[PDB]
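Here is final_14.cif, consisting of mmCIF, C-alpha atoms:
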data_input
#
loop_
_atom_site.group_PDB
_atom_site.id
_atom_site.type_symbol
_atom_site.label_atom_id
_atom_site.label_comp_id
_atom_site.auth_asym_id
_atom_site.auth_seq_id
_atom_site.Cartn_x
_atom_site.Cartn_y
_atom_site.Cartn_z
ATOM 1 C CA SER A 22 56.336 -9.780 28.074
ATOM 2 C CA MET A 23 52.912 -10.155 26.742
ATOM 3 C CA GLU A 24 51.495 -9.172 30.187
ATOM 4 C CA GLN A 25 53.365 -5.784 29.935
ATOM 5 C CA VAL A 26 51.937 -5.183 26.511
ATOM 6 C CA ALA A 27 48.415 -5.922 27.729
ATOM 7 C CA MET A 28 48.877 -3.522 30.679
ATOM 8 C CA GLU A 29 50.179 -0.939 28.189
ATOM 9 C CA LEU A 30 47.104 -1.375 25.979
ATOM 10 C CA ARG A 31 44.746 -0.900 28.996
ATOM 11 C CA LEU A 32 46.688 2.363 29.800
ATOM 12 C CA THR A 33 46.304 3.503 26.226
ATOM 13 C CA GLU A 34 42.624 2.877 26.324
ATOM 14 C CA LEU A 35 42.222 4.684 29.685
ATOM 15 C CA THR A 36 44.142 7.594 28.126
ATOM 16 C CA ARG A 37 41.670 7.661 25.212
ATOM 17 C CA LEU A 38 38.686 7.697 27.567
ATOM 18 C CA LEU A 39 40.292 10.446 29.771
ATOM 19 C CA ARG A 40 40.941 12.550 26.698
ATOM 20 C CA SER A 41 37.251 12.484 25.866
ATOM 21 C CA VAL A 42 36.461 13.333 29.541
ATOM 22 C CA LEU A 43 38.958 16.212 29.443
ATOM 23 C CA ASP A 44 37.436 17.626 26.325
ATOM 24 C CA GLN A 45 33.930 17.457 27.775
ATOM 25 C CA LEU A 46 35.092 19.155 31.058
ATOM 26 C CA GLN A 47 36.956 21.897 29.208
ATOM 27 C CA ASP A 48 33.815 22.665 27.177
ATOM 28 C CA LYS A 49 32.204 23.632 30.469
ATOM 29 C CA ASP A 50 34.820 26.506 30.730
ATOM 30 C CA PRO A 51 33.860 28.505 27.754
ATOM 31 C CA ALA A 52 35.592 31.645 29.016
ATOM 32 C CA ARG A 53 38.922 29.662 29.039
ATOM 33 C CA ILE A 54 39.551 30.785 32.614
ATOM 34 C CA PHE A 55 41.177 27.432 33.498
ATOM 35 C CA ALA A 56 42.889 26.770 30.161
ATOM 36 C CA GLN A 57 46.403 27.780 31.126
ATOM 37 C CA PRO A 58 48.514 28.096 34.270
ATOM 38 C CA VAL A 59 48.067 31.227 36.417
ATOM 39 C CA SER A 60 50.935 33.446 35.167
ATOM 40 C CA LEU A 61 53.658 34.091 37.808
ATOM 41 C CA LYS A 62 54.548 37.206 35.878
ATOM 42 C CA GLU A 63 51.050 38.563 36.360
ATOM 43 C CA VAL A 64 50.454 37.058 39.859
ATOM 44 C CA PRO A 65 53.878 37.034 41.399
ATOM 45 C CA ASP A 66 52.736 35.986 44.916
ATOM 46 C CA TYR A 67 50.593 33.043 43.558
ATOM 47 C CA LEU A 68 52.736 30.218 44.990
ATOM 48 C CA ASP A 69 52.595 31.870 48.445
ATOM 49 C CA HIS A 70 48.812 31.123 48.290
ATOM 50 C CA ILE A 71 48.515 27.987 46.149
ATOM 51 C CA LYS A 72 50.921 25.141 46.718
ATOM 52 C CA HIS A 73 49.864 22.863 43.854
ATOM 53 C CA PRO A 74 48.754 24.950 40.825
ATOM 54 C CA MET A 75 46.801 23.183 38.075
ATOM 55 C CA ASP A 76 45.087 24.036 34.785
ATOM 56 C CA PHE A 77 43.739 22.198 31.702
ATOM 57 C CA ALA A 78 46.942 22.593 29.566
ATOM 58 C CA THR A 79 49.030 21.039 32.354
ATOM 59 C CA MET A 80 46.510 18.133 32.617
ATOM 60 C CA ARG A 81 46.622 17.641 28.847
ATOM 61 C CA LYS A 82 50.491 17.363 28.942
ATOM 62 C CA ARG A 83 50.237 14.707 31.618
ATOM 63 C CA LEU A 84 47.493 12.851 29.799
ATOM 64 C CA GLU A 85 49.365 12.726 26.515
ATOM 65 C CA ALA A 86 52.401 11.269 28.290
ATOM 66 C CA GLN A 87 49.969 8.585 29.648
ATOM 67 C CA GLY A 88 50.639 9.968 33.123
ATOM 68 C CA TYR A 89 47.225 9.179 34.611
ATOM 69 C CA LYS A 90 47.181 5.562 35.822
ATOM 70 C CA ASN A 91 43.536 5.632 36.987
ATOM 71 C CA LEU A 92 40.506 7.998 36.994
ATOM 72 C CA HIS A 93 41.217 9.017 40.701
ATOM 73 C CA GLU A 94 44.518 10.635 39.718
ATOM 74 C CA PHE A 95 42.783 12.567 36.890
ATOM 75 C CA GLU A 96 40.011 13.686 39.209
ATOM 76 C CA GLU A 97 42.532 14.876 41.799
ATOM 77 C CA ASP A 98 44.021 17.275 39.210
ATOM 78 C CA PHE A 99 40.545 18.493 38.105
ATOM 79 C CA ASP A 100 39.604 19.173 41.711
ATOM 80 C CA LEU A 101 42.834 21.203 42.171
ATOM 81 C CA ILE A 102 41.781 23.500 39.310
ATOM 82 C CA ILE A 103 38.458 24.200 41.086
ATOM 83 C CA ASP A 104 39.678 24.221 44.663
ATOM 84 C CA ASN A 105 42.695 26.468 43.987
ATOM 85 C CA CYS A 106 40.416 29.021 42.344
ATOM 86 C CA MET A 107 37.875 29.000 45.114
ATOM 87 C CA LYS A 108 40.576 29.801 47.670
ATOM 88 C CA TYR A 109 42.509 32.467 45.765
ATOM 89 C CA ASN A 110 39.479 34.331 44.468
ATOM 90 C CA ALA A 111 36.582 35.713 46.499
ATOM 91 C CA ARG A 112 32.942 34.645 46.128
ATOM 92 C CA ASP A 113 31.954 37.805 44.256
ATOM 93 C CA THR A 114 34.346 37.229 41.363
ATOM 94 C CA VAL A 115 33.923 35.916 37.860
ATOM 95 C CA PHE A 116 36.751 33.464 38.569
ATOM 96 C CA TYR A 117 35.142 31.865 41.683
ATOM 97 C CA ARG A 118 31.773 31.745 39.954
ATOM 98 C CA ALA A 119 33.328 30.062 36.896
ATOM 99 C CA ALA A 120 34.829 27.368 39.129
ATOM 100 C CA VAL A 121 31.454 26.683 40.824
ATOM 101 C CA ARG A 122 29.812 26.229 37.406
ATOM 102 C CA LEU A 123 32.647 24.009 36.182
ATOM 103 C CA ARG A 124 32.361 21.860 39.331
ATOM 104 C CA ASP A 125 28.594 21.514 38.996
ATOM 105 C CA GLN A 126 28.580 20.776 35.244
ATOM 106 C CA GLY A 127 31.676 18.535 35.445
ATOM 107 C CA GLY A 128 30.172 16.299 38.193
ATOM 108 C CA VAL A 129 27.745 14.891 35.647
ATOM 109 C CA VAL A 130 30.537 13.964 33.162
ATOM 110 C CA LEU A 131 32.652 12.423 35.923
ATOM 111 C CA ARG A 132 29.791 10.388 37.313
ATOM 112 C CA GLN A 133 29.452 8.547 33.967
ATOM 113 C CA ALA A 134 33.225 8.307 33.427
ATOM 114 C CA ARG A 135 33.474 6.358 36.648
ATOM 115 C CA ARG A 136 30.792 3.879 35.598
ATOM 116 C CA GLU A 137 32.624 3.456 32.152
ATOM 117 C CA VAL A 138 35.998 2.946 33.735
ATOM 118 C CA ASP A 139 34.583 0.259 36.102
ATOM 119 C CA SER A 140 32.372 -1.347 33.453
ATOM 120 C CA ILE A 141 35.121 -1.651 30.732
ATOM 121 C CA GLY A 142 37.764 -2.481 33.416
#
structure tokens encoding of this file:
Amino acid sequence: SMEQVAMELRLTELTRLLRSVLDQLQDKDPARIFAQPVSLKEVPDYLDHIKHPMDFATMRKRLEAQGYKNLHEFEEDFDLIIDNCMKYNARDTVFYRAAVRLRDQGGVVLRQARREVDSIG
């Protein structure tokens, strides 16, 4: 149907906007601490601690499959990256501190993404 095509075009455009958001958020992790999944070879007990692991590569795979239907779903995954880190790692670690900085700098990006999503529909 033409309605299905139109819905598919809207999803494609949301995916384009989320890719730009993803790139801007990942720039705020210059150490690449959140770039890839926590390795279960290196941290064999990780899934005893963290029930829903997340990282930027995993988000990018989902994005490129058009697997984010709305900005809320994308933000949920970004918040997992931060929140997982802040539980597993202690306050006095480079990892925790990196997540705080990513949260703080990312909030700005996400605040405008929300206005753009609503504005463009």
**Complete:** Students should find that CA of residue 101 (chain A) and CA of residue 134 (chain A) are spaced 18.3 Å
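Pairwise distance (CA of residue 75 (chain A), CA of residue 97 (chain A)) equals 10.1 Å.
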**Message:** Take the PyMOL selection byres ((chain A and resi 80-95) around 9), run it mentally on this structure, and tell me the resulting residues as a PyMOL selection string.
**Reply:** chain A and resi 32-33+35-36+39-40+43+75-79+96-100+134-135+138
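The gap separating CA of residue 106 (chain A) from CA of residue 120 (chain A) is 6.7 Å, in Å to one decimal.
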**Request:** Starting from the displayed file, determine the output of the PyMOL selection byres ((chain A and resi 64-72) around 10) and express the residue list as a PyMOL selection string.
**Result:** chain A and resi 59-63+73-75+101+104-106+108-109
**Request:** Extract, using only C-alpha atoms, all DNA, RNA and protein residues at most 9 Å from residue 122 (chain A), discarding same-chain residues fewer than 5 positions from it, and format them as number ranges by chain.
**Result:** A: 49-50, 117, 127
**Message:** So that I can see what lies close to residue 119 (chain A), please list as a list in words the residues with an atom at most 8 Å from it, counting only C-alpha atoms and leaving out residues fewer than 4 positions away in the same chain.
**Reply:** residues 50, 54, 115 and 123 of chain A
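Using only C-alpha atoms, the shortest contact distance between residue 30 (chain A) and any of A:142, A:137, A:132, A:42 is found at A:142.
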Taking all listed atoms of region 48-59 of chain A, build the axis-aligned box, pad each of the six sides by 3 Å, then write its centre and edge lengths in Å to one decimal as JSON.
{"center_x": 40.4, "center_y": 27.2, "center_z": 31.8, "size_x": 22.3, "size_y": 15.0, "size_z": 15.2}
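Here the question is which of A:52, A:103, A:23, A:111 gets nearest to residue 128 (chain A) using all atoms listed in the file, and that residue is A:103.
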